[PDB]
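See below for the structure under consideration.
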Amino acid sequence: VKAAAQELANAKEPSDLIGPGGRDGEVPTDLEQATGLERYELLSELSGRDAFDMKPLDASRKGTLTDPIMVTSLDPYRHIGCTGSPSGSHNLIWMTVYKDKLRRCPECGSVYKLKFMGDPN
Amino acid sequence: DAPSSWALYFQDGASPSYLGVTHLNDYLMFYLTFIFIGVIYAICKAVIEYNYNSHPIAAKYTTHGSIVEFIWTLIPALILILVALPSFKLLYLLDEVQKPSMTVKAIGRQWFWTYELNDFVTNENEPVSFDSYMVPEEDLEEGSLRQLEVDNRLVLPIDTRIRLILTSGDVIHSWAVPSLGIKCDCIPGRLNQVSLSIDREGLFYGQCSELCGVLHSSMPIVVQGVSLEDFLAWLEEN
Amino acid sequence: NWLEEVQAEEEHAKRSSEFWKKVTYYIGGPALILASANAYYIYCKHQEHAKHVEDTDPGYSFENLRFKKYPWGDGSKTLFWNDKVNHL
Amino acid sequence: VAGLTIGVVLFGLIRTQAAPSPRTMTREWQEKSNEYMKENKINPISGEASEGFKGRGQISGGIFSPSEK
Amino acid sequence: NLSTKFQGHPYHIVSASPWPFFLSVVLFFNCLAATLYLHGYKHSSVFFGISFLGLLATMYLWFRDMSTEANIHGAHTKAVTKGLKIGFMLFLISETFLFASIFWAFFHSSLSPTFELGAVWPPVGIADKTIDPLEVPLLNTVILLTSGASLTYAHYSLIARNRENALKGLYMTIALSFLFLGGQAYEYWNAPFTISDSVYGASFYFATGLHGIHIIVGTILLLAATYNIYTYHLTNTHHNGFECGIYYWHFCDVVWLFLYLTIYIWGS
Amino acid sequence: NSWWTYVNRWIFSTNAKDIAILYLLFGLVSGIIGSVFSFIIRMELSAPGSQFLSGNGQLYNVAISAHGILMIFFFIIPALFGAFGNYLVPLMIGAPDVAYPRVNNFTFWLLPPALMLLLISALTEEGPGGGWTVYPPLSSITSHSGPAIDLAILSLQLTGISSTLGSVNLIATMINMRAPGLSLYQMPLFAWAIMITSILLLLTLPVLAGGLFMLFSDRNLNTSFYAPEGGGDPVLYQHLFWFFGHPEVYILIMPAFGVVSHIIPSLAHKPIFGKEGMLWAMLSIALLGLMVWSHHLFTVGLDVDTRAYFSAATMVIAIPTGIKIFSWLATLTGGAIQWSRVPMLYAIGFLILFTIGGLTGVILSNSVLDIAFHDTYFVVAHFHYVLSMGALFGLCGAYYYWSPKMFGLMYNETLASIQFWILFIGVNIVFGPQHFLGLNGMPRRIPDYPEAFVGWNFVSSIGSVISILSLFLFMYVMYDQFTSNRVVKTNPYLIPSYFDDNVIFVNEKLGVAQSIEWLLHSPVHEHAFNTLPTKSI
Amino acid sequence: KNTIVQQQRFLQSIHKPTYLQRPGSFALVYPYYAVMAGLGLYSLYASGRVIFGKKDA
Amino acid sequence: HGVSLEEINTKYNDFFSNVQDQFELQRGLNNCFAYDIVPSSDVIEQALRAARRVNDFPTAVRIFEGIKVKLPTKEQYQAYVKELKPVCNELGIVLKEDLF
Amino acid sequence: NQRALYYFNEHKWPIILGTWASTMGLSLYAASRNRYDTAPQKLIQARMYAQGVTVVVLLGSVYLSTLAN
Amino acid sequence: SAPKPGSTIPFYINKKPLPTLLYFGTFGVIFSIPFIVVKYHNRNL
Ligand code: HEA
Ligand code: HEA
Ligand SMILES: CCCCCCCCCCCCCCCC(=O)OC[C@H](COP(=O)(O)OCCN)OC(=O)CCCCCCCCCCCCCCC
Ligand SMILES: CCCCCCCCCCCCCCCC(=O)OC[C@H](COP(=O)(O)OCCN)OC(=O)CCCCCCCCCCCCCCC
Ligand SMILES: CCCCCCCCCCCCCCCC(=O)OC[C@H](COP(=O)(O)OCCN)OC(=O)CCCCCCCCCCCCCCC
Ligand SMILES: CCCCCCCCCCCCCCCC(=O)OC[C@H](COP(=O)(O)OCCN)OC(=O)CCCCCCCCCCCCCCC
Ligand code: CUA
Ligand SMILES: [Ca+2]
Ligand SMILES: [Mg+2]
Ligand SMILES: [Zn+2]
């Protein structure tokens, strides 16, 4: 776990993600005989974080200009959807949020500010 | 009895089941014309007046059915029961069997129809049988009807009820006559039992419906009623 | 953490594997050998052959239908044709 | 309107290249059959043997039943 | 930033793959060859063989490439393998509903026999030539039941991280399946009636053929799986094929027990 | 060298976008051949007697059978069921690609050899003669001698197994690749419908596979499966065939239901009335459309109790469909309507034709009533006025509604509207007189007819001619749209509300749509949905 | 003996498509493609003979 | 169900009592004109005051245009304009029919 | 009882279907109560129990079927 | 690779003067196939 977390932190290129390999005469285990994106997924899930973002947003904290609801965005365009007040407030409409601009809800008035956890290029 | 030109109704016929079928059809048409014209008018009026140039504001905030969906469930279902019941008692009247009198056989192999009346087997030992054939176009009698005549025409007496036997020994055929409203499938191997009753004394027309190869359209069926003395003379003639 | 759960799962799997080995080498074998012995008895009882019967209502009018020639050989032979159990 | 008239005209133009019609499509035979099935009470209720019967019955009329050439 | 070099979705990306188009082409070849051989046209022997070898080559290469991609690139994420399992389950449900057709065919042909059959579903004169309930097929059924028990034992031992026990169980299962196939061939040779003999023989033969081909598919799956196990390409959690084969074999055994209940008890 | 790139982008490509276009093109090239076949068969029956032919009845049987089979299995199913689903379902579910790309690529290419072999079979000395529903004794080696109908059987088999293989990946894709926060209940109606059709088709078609194979084996292995002397009962064949045929038309028409329920709101700017009730009624229809199959065997001669059981339940199908039509009628009123839009025109014209066709279908669902119309032109009128008015209209509306998303071009509104009007008038005057022709008591599938029927056939022929001009205009408009370089914005069907400023709307309102597909650029990217869209949980 | 890691690292270094990543795969497809082309050429004549009623003798 | 007829009237008057953003004003004004509820005198007057506050002219004339469109007959519109004329003359509002 | 056995062996199919359903239900109820036992594994164990019971009742029925006096 | 589609997926290049004849000829032959089909069945007659 902690050693695996250190291994995850210590990496340079995707070519370096490898498995040590099992021992002949016995069935190996995924902790030593994994390769490719499956290895990345398992290390990410054991490290405690998420490989990709799969967190559905919350309908509370109605949007305000000073404090907009934050949305994880690996991309400058991060399409989302708004229900507004806690589930059942209004129909679900889709929105797109550009780079660091605010998208306000046309029924509730909720702004979703955007960030970017990655270099643009 | 026979097709006309530019026809709109079905035809004028004579059969106890045919009148009931026409009555049921009239009631069912009376039922459906209502709904058809209603839906047509609703579709026309909900659009002809609510175009964008006249209704720029849309009441987008009504998407709940309080008491309307229930009536949608009930009223057409009420109409469904109202139409189902008469058809049900008509069918439960038709499924019974009256007192048998005599039978005919309608075996037909391919592009011709054979009829048998073997009820009257007696010391003469001469059962009556023949084959009805498509009359050629050239040899049609002056004033005849093309595609609807046969040479050896079938003969059944009037006001006498016959428990017709339907059978085939080849690809499946059908035995249809719109005036009498009686039909069944000439399914090989198995015999189909159907009844019949003619009220008038007239020539009736019909043909098969289920395709049986290249000449599926070359076996017309003609059955005409006869009086008792004419029937007896016809029977003693052969 | 992972050690306790993996040990428990492996222990349960090993116990089930031992139980299933006992199942496959305790009851399945006797049933198989008993069935084999009974099958051999039935097979050896009826070694009288006499599988050539004719003239006792032959054919029955729905045997060996020939509407399209059989592809194998001349056209009157089947893939599993036998000279003792298949006749005409 | 133009599409409808083009379709009608084209169908009419490609119509004449068909096989000759059966010999029974003549006014004479149509009227002979009309007077024929009346005798055998074929549909006398409100059809081919009605009491008055000003209507046609078994005549299509128009081009379908032309005069004998 | 390691995630920057990576994508944002755990689903695999494939390209090229000329296998589907040429597989369609070779299937068309096989269909044309079979249609020609049905009517006994000349030069119809080598055509069918060549088409079948082409089909064998194409789907064998497809399977090899798919297994390779599932091995090196490691696209066998949890969602992907879950979806694969649901797809396999959907396929076996489709197989059940396919077999239901022949089941209803036998039921209709049996419950209401024609009037030339002597008012009995067992044909007159052939009824005494039917298959007795207690003979070699019963031995084959008990062999299949013991084979399933041994396969379950091997699977549980493999769960217990055991090579020898699971491998021996798989070897016993393969040998038992091979002897079952030999016994089925022997029963086929000693068939009292041909498929063309009445509807009883036709329905029996149609019912047995589908089970035979499904069991052949199971045997090829088992030998392939033991090939991967020997090649050292299977791990504890990278074992979707093992569970798929186990579920399929239990499904086919249930279908076989239903067939044994109906055809060899009700019809005899 | 772009040739390698050409064939890798088209043949050795497994992207969903690059395949649905080929689905549409294959559907089009099948539909043209089918329409010409229909035109020739309708021109044959313009007047009584042999006409343009030497009385060749077998040729007419080949023509009708080919038209039916190719237009029911090569025009509508492959170009509607999976053509607009594989392209669009990943967009609405929140996934970048289908579950199994390789099977998606494989399913498409099983169809071209099917078309070639079907054409070869029809080009034999005799050709198929059993019609769309071929029957064993007629198909028996006694009637046909040659490789004519065996290839048709094989084509049906392989097309069915391909369609089943083309529907296994879709269900997994829309059951496991759902967006984070997208409950299955909250799924859009179109994908709901398409999943229902997928499950119904996969559940039913195997039965056809087995039955068709066992029936075909009669010609080669001389099996007694259906021989009258061999103990076989053809009523079993009819039951097997109509356990499939009855739900096939529903699974073909449900995509039309979904596309209409999608076209109405966006061009009406009003949410769909009663989504949950509509989808639950459609689920009731889907479950209901299986236990009723013997309405096609009303005059065969089955027992009274079975006839009553399977005729009473025929009526209950109407209630959910009437509820759906009433819901759409309620949705239309109140909200704004842009009646001049071509998709709106097709959606509006769909409803009246579908409801009159449904009334005709409920006419002949009684054993007491079917005896006067079984295997006559009335059933032809019913099933044609339902099929070509619902499925064809839905396909045309879907094309005219999602074409910018497929390619990124604009069509000509004037020519499209003219084509719609011409086609509507032609198809209304084509199947109109056939109602009277079947009401008189005259059967179907007859190249010759008694003389007292000429007028209605003459009235039908002109409309049949008109439909060909409609097809020509559609071809011209498709070509013009393809080579007009008319640009299209991100969401062409989004307009400012009654209180949106011309400067506020342009800068603080763009990029909003009722569905996901309108959020992306009209020519969609190869790799969309890099991150999963997350809604309110 | 467990060479799967070594061969994995050896084969991940190439950018070829997965159906040509393993060396020696190309030699099993080119004659395969030639045989498929020959099969198509023969089947063309076979179908042409089938449609045109005749048999060689 | 949810809000009744008059409750939404009072709620929207309270909301329009304090609006400082053009976008929010337009949003609430759109959402008000969908309940078949013609605004009362206080509601329209407060909407006009809000439009004056957020410094947007065309919204004011759009109010009267939309009210004229929504109202069923000419008599109700004439009564509304008669009872609201002073306001429009106080805030310098020019009607559409007199604008051009 | 000399009469209960007659009905017990008269209708083998209905009673065998009933006992199969009883075994299926009982095995599902008993097996689906543990932690280290997924649903497919418990279903497989239940089906194995059903197969064994079916085999033993088949042998018993074919043994008792000889009493056809 | 991050290319931007030019909103052109026609499966084959299209332009005014030359390709029109090819498109129309393909349409005509695929329209007129049924003709040769109906002629084939009445060749030896
Ligand atoms: C294309 C799709 C489609 C659809 C949607 C339908 C819809 C229906 N069809 Fe039809 N049908 C076919 C396709 C279709 N059919 C085909 C292809 C055939 C011929 C098969 C062949 O021979 O190959 C056929 C044939 C066919 C027959 C065979 C007749 C014969 O040949 O002997 C029957 C008989 O019951 C039937 C019944 C119905 C019924 C009850 C409906 C119902 O779904 C209709 C329900 C709809 C409504 C009724 C309208 C809306 C309802 C309301 C407004 C509620 C209020 C209404 C009332 C109270 C009146 N169909
Ligand atoms: C898929 C369903 C379908 C469709 C669409 C059609 C379309 C048509 N059918 Fe057919 N038909 C059947 C299904 C269908 N049919 C079936 C099952 C049978 C029975 C077969 C049997 O008996 O064996 C049959 C049989 C049949 C007969 C039987 C012959 C006889 O009994 O005498 C006749 C004759 O009138 C006929 C006519 C027509 C006509 C005129 C059209 C159309 O011309 C009506 C108008 C439609 C168009 C002209 C096409 C429009 C197309 C487009 C504009 C292109 C769009 C393309 C895309 C964008 C991809 N059909
Ligand atoms: C490509 C897929 C083809 C196989 C499909 C399998 C489907 C299983 C269900 C179908 C039942 C099959 C039973 C027949 C087995 C048998 O051997 O039939 C029995 C006969 C001989 O037996 P006998 O009379 O000696 O028995 C009595 C013993 N004394 O042999 C045959 O006729 C050989 C041909 C049978 C077909 C199997 C091989 C197929 C090759 C051609 C492919 C045809 C493709 C058709 C179009 C796609
Ligand atoms: C006539 C009628 C014919 C009908 C034919 C039906 C065939 C469809 C049967 C569906 C089974 C699909 C396999 C499981 C799906 C799956 O799960 O695929 C996902 C798994 C991944 O699992 P993994 O990550 O653990 O291993 C990753 C390995 N790299 O792939 C597998 O490794 C399959 C495991 C065994 C397969 C080896 C090859 C066996 C070939 C059998 C067929 C041979 C040809 C037979 C004749 C065509
Ligand atoms: C209709 C009834 C007939 C029987 C049904 C079976 C049809 C043929 C078998 C097709 C596989 C079914 C799905 C398996 C699960 C699956 O999905 O396997 C997985 C793959 C696709 O998924 P993937 O690799 O992208 O997954 C991603 C992995 N993570 O499958 C295949 O590559 C299929 C292999 C190609 C075979 C196609 C040719 C079919 C021949 C048909 C003729 C033989 C039968 C003749 C019958 C008379
Ligand atoms: C076969 C034909 C037989 C017909 C028999 C049916 C008779 C009953 C049907 C009438 C019930 C609905 C009326 C509304 C009553 C009401 O006032 O409902 C209340 C709501 C008022 O709005 P609200 O909810 O926001 O109020 C909020 C309260 N605070 O109305 C509506 O929203 C109507 C919106 C949908 C209705 C549109 C109707 C479209 C056509 C319907 C069917 C047409 C039939 C055509 C054939 C005749
Ligand atoms: Cu006789 Cu059809
Ligand atoms: Ca004609
Ligand atoms: Mg019929
Ligand atoms: Zn909101």
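The chains in the structure tokens are called A, B, ... from first to last as shown; in each chain the residues are counted from 1, and the ligands are counted from 1 in the order shown.
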Can you tell me which residues surround segment 80-83 of chain A at a distance of at most 10 Å, considering only C-alpha atoms, apart from same-chain residues fewer than 5 positions away, and format the answer as a PyMOL selection string? (chain A and resi 56-60+71+88-97+104-108+110+112) or (chain F and resi 181+512+514-516+532-537)
Which of chain J counts as alpha helix (DSSP H) under DSSP, as a ChimeraX atom specification please? /J:19-40
Once you count only C-alpha atoms and all ligand atoms, which residues end up within 8 Å of ligand 9, and could you hand them over as number ranges by chain? B: 174, 185, 209-210; F: 296-300, 374-375
For the residues in that selection, give me N, CA, C and O atoms as a short mmCIF file (atom, residue, chain, number, x, y, z; two decimals), in the first residue's frame.
data_model
loop_
_atom_site.label_atom_id
_atom_site.label_comp_id
_atom_site.auth_asym_id
_atom_site.auth_seq_id
_atom_site.Cartn_x
_atom_site.Cartn_y
_atom_site.Cartn_z
N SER B 174 -57.62 -22.58 -50.20
CA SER B 174 -58.67 -21.99 -49.38
C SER B 174 -59.99 -22.06 -50.12
O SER B 174 -60.03 -22.12 -51.35
N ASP B 185 -59.54 -23.34 -44.41
CA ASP B 185 -58.29 -23.63 -45.09
C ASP B 185 -58.29 -25.06 -45.60
O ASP B 185 -58.52 -26.00 -44.84
N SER B 209 -57.98 -17.96 -51.80
CA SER B 209 -57.22 -16.79 -51.37
C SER B 209 -55.76 -17.09 -51.07
O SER B 209 -54.89 -16.26 -51.35
N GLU B 210 -55.46 -18.26 -50.51
CA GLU B 210 -54.09 -18.59 -50.12
C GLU B 210 -53.32 -19.09 -51.34
O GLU B 210 -53.73 -20.06 -51.99
N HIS F 296 -52.98 -14.37 -36.95
CA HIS F 296 -52.66 -14.68 -38.34
C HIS F 296 -53.14 -16.07 -38.74
O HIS F 296 -52.95 -16.46 -39.90
N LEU F 297 -53.74 -16.81 -37.81
CA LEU F 297 -54.26 -18.15 -38.07
C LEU F 297 -55.75 -18.24 -37.74
O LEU F 297 -56.22 -19.25 -37.20
N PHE F 298 -56.50 -17.18 -38.04
CA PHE F 298 -57.90 -17.13 -37.63
C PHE F 298 -58.78 -18.07 -38.44
O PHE F 298 -59.70 -18.68 -37.89
N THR F 299 -58.52 -18.20 -39.74
CA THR F 299 -59.34 -19.03 -40.61
C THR F 299 -58.71 -20.38 -40.91
O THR F 299 -59.18 -21.09 -41.80
N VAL F 300 -57.65 -20.75 -40.19
CA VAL F 300 -57.06 -22.07 -40.39
C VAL F 300 -57.99 -23.16 -39.88
O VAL F 300 -58.09 -24.24 -40.48
N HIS F 374 -59.76 -12.02 -44.32
CA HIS F 374 -58.51 -12.77 -44.25
C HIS F 374 -57.96 -13.02 -45.65
O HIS F 374 -58.67 -13.51 -46.53
N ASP F 375 -56.68 -12.70 -45.83
CA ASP F 375 -55.97 -12.94 -47.09
C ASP F 375 -56.67 -12.25 -48.26
O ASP F 375 -56.74 -12.78 -49.37
#
Once you count only C-alpha atoms and all ligand atoms, which residues end up within 9 Å of ligand 5, and could you hand them over as a ChimeraX atom specification? /E:11-12,14,19-20,23-24,27,55,58-59,62-63,66-67,69-70,75-77,80-81,83-85,87-92,94-95,98 /F:98-104,106-107,157-158,160-165,168-169,202,205-206,209-210,213
What's around segment 30-43 of chain J at 8 Å? Count only C-alpha atoms, leave out sequence neighbours fewer than 2 positions away in its own chain, and write the answer as a list in words. residues 29, 32, 33, 36, 37, 59, 123 and 125 of chain F; 26, 27, 28 and 45 of chain J
Restrict the selected residues to C-alpha atoms and save them as a short mmCIF file (atom, residue, chain, number, x, y, z; two decimals), in the first residue's frame.
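Okay, this is what ended up in selection-v4.cif:
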data_model
loop_
_atom_site.label_atom_id
_atom_site.label_comp_id
_atom_site.auth_asym_id
_atom_site.auth_seq_id
_atom_site.Cartn_x
_atom_site.Cartn_y
_atom_site.Cartn_z
CA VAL F 29 -29.39 1.12 -52.21
CA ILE F 32 -34.29 2.00 -54.48
CA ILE F 33 -34.30 -1.56 -55.85
CA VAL F 36 -38.60 -0.12 -58.51
CA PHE F 37 -39.83 -3.66 -57.86
CA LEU F 59 -42.35 -14.11 -62.52
CA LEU F 123 -31.80 -14.73 -60.84
CA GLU F 125 -34.52 -20.40 -63.54
CA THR J 26 -24.87 4.88 -60.68
CA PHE J 27 -28.39 5.93 -59.67
CA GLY J 28 -29.73 4.96 -63.09
CA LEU J 45 -39.61 -17.47 -74.17
#
Exercise: segment 217-232 of chain B partners within 8 Å, only C-alpha atoms, chain neighbours under 2 positions left out, as number ranges by chain: B: 111-113, 132-134, 147-150, 153-158, 177, 198, 200-208, 214-215, 234-236; F: 446-449
Give me a file of those residues, with N, CA and C atoms, as a compact mmCIF listing (two decimals), in the first residue's frame.
# COMPACT_ATOMS: atom_id res chain seq x y z
N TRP B 111 -55.24 -26.14 -59.45
CA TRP B 111 -55.85 -25.37 -60.53
C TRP B 111 -57.19 -25.93 -60.98
N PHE B 112 -57.79 -26.83 -60.20
CA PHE B 112 -59.13 -27.32 -60.48
C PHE B 112 -59.75 -27.81 -59.18
N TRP B 113 -61.07 -27.83 -59.14
CA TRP B 113 -61.83 -28.14 -57.94
C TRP B 113 -62.71 -29.35 -58.19
N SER B 132 -64.82 -28.94 -61.38
CA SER B 132 -65.09 -27.60 -61.89
C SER B 132 -63.79 -27.01 -62.42
N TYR B 133 -63.84 -26.51 -63.65
CA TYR B 133 -62.66 -26.05 -64.36
C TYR B 133 -62.81 -24.59 -64.78
N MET B 134 -61.67 -23.90 -64.84
CA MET B 134 -61.63 -22.56 -65.40
C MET B 134 -62.05 -22.58 -66.87
N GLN B 147 -63.18 -14.60 -65.86
CA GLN B 147 -62.44 -15.00 -64.66
C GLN B 147 -63.35 -15.42 -63.51
N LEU B 148 -64.65 -15.61 -63.75
CA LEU B 148 -65.56 -15.95 -62.66
C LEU B 148 -66.60 -16.99 -63.07
N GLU B 149 -66.25 -17.90 -63.97
CA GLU B 149 -67.18 -18.95 -64.37
C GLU B 149 -66.46 -20.29 -64.45
N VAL B 150 -67.23 -21.36 -64.29
CA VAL B 150 -66.73 -22.73 -64.38
C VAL B 150 -67.68 -23.54 -65.25
N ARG B 153 -70.54 -26.59 -62.87
CA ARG B 153 -70.88 -25.73 -61.74
C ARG B 153 -71.47 -26.55 -60.60
N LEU B 154 -71.14 -26.16 -59.37
CA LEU B 154 -71.63 -26.86 -58.20
C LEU B 154 -73.11 -26.57 -57.98
N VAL B 155 -73.82 -27.56 -57.43
CA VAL B 155 -75.27 -27.49 -57.24
C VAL B 155 -75.60 -27.87 -55.81
N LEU B 156 -76.20 -26.94 -55.07
CA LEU B 156 -76.71 -27.18 -53.73
C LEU B 156 -78.14 -26.67 -53.61
N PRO B 157 -79.03 -27.44 -52.99
CA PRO B 157 -80.41 -26.98 -52.80
C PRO B 157 -80.50 -25.85 -51.79
N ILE B 158 -81.57 -25.06 -51.93
CA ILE B 158 -81.79 -23.91 -51.06
C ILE B 158 -82.51 -24.36 -49.79
N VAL B 177 -66.11 -17.66 -50.09
CA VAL B 177 -67.26 -17.10 -50.79
C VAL B 177 -67.77 -15.91 -49.98
N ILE B 198 -78.32 -21.52 -47.51
CA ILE B 198 -78.70 -20.54 -48.51
C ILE B 198 -80.17 -20.20 -48.33
N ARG B 200 -81.89 -17.65 -50.47
CA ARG B 200 -82.46 -17.43 -51.79
C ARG B 200 -82.13 -18.61 -52.71
N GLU B 201 -82.48 -18.47 -53.99
CA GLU B 201 -82.12 -19.43 -55.03
C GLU B 201 -81.39 -18.66 -56.12
N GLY B 202 -80.08 -18.47 -55.94
CA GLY B 202 -79.31 -17.65 -56.85
C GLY B 202 -77.89 -18.15 -56.99
N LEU B 203 -77.20 -17.60 -57.99
CA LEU B 203 -75.83 -17.98 -58.30
C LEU B 203 -74.86 -17.19 -57.43
N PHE B 204 -73.98 -17.91 -56.73
CA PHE B 204 -73.01 -17.30 -55.83
C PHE B 204 -71.61 -17.51 -56.37
N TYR B 205 -70.72 -16.57 -56.06
CA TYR B 205 -69.39 -16.54 -56.65
C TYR B 205 -68.33 -16.49 -55.55
N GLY B 206 -67.13 -16.91 -55.91
CA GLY B 206 -66.02 -16.93 -54.97
C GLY B 206 -64.84 -17.68 -55.56
N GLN B 207 -63.73 -17.62 -54.83
CA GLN B 207 -62.50 -18.28 -55.26
C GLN B 207 -61.58 -18.43 -54.05
N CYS B 208 -60.41 -19.01 -54.30
CA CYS B 208 -59.44 -19.23 -53.23
C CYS B 208 -58.68 -17.95 -52.93
N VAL B 214 -48.18 -20.84 -59.32
CA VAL B 214 -48.28 -19.89 -60.42
C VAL B 214 -49.74 -19.57 -60.76
N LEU B 215 -50.58 -20.61 -60.76
CA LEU B 215 -52.00 -20.41 -61.18
C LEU B 215 -52.91 -20.36 -59.95
N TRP B 234 -81.71 -32.88 -60.99
CA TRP B 234 -80.26 -32.84 -61.17
C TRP B 234 -79.60 -34.10 -60.64
N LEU B 235 -80.05 -34.59 -59.48
CA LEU B 235 -79.45 -35.78 -58.90
C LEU B 235 -79.75 -37.02 -59.74
N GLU B 236 -81.00 -37.17 -60.20
CA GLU B 236 -81.35 -38.31 -61.04
C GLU B 236 -80.76 -38.20 -62.44
N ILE F 446 -52.78 -11.77 -56.65
CA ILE F 446 -53.40 -12.27 -57.87
C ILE F 446 -53.04 -11.34 -59.03
N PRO F 447 -52.17 -11.76 -59.95
CA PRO F 447 -51.84 -10.90 -61.09
C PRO F 447 -53.03 -10.59 -61.98
N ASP F 448 -54.08 -11.41 -61.94
CA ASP F 448 -55.31 -11.16 -62.69
C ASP F 448 -56.47 -11.05 -61.71
N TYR F 449 -57.46 -10.26 -62.08
CA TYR F 449 -58.61 -10.01 -61.22
C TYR F 449 -59.87 -9.93 -62.08
Quick one: residues within 12 Å of residue 1 of chain C, only C-alpha atoms counted, chain neighbours fewer than 4 positions away excluded, as a list in words?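 Here the qualifying residues turn out to be residues 1 and 46 of chain A; 5, 6, 7 and 8 of chain C.
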Using N, CA, C and O atoms, can you write the selected residues to a file as a short mmCIF file (atom, residue, chain, number, x, y, z; two decimals), in the first residue's frame?
data_model
loop_
_atom_site.label_atom_id
_atom_site.label_comp_id
_atom_site.auth_asym_id
_atom_site.auth_seq_id
_atom_site.Cartn_x
_atom_site.Cartn_y
_atom_site.Cartn_z
N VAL A 1 0.83 -1.19 0.00
CA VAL A 1 0.00 0.00 0.00
C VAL A 1 0.87 1.25 0.00
O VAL A 1 0.94 1.97 -1.00
N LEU A 46 -5.89 1.27 -5.29
CA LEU A 46 -5.31 0.97 -3.98
C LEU A 46 -4.71 2.21 -3.32
O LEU A 46 -4.68 2.30 -2.09
N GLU C 5 -7.97 -10.77 5.26
CA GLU C 5 -9.04 -11.15 4.34
C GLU C 5 -8.56 -12.18 3.32
O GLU C 5 -9.29 -13.14 3.02
N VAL C 6 -7.34 -12.03 2.80
CA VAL C 6 -6.85 -13.00 1.84
C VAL C 6 -6.61 -14.35 2.51
O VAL C 6 -6.87 -15.40 1.92
N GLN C 7 -6.13 -14.34 3.76
CA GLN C 7 -5.95 -15.60 4.48
C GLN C 7 -7.28 -16.29 4.72
O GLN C 7 -7.40 -17.51 4.53
N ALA C 8 -8.31 -15.54 5.13
CA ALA C 8 -9.62 -16.14 5.35
C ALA C 8 -10.20 -16.71 4.06
O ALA C 8 -10.73 -17.83 4.04
#
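Atom 1 (C, counted along the ligand's line) of ligand 4 lies 26.9 Å from atom CA of residue 51 of chain I.
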For atom CA of residue 51 of chain A and atom CA of residue 120 of chain A, quote the distance in Å rounded to one decimal. 19.2 Å
Nearest to ligand 4, restricted to only C-alpha atoms and all ligand atoms and choosing among A:30, A:25, A:9, A:15, comes out as A:30
Distance filter 9 Å around ligand 3, atoms: only C-alpha atoms and all ligand atoms, out as a PyMOL selection string: (chain C and resi 70-72+77-82+85-86) or (chain E and resi 30-35+37-38+48+187-196+202+205-213) or (chain F and resi 150-151+153-154+157-158+210+213-214+216-217+220-221)
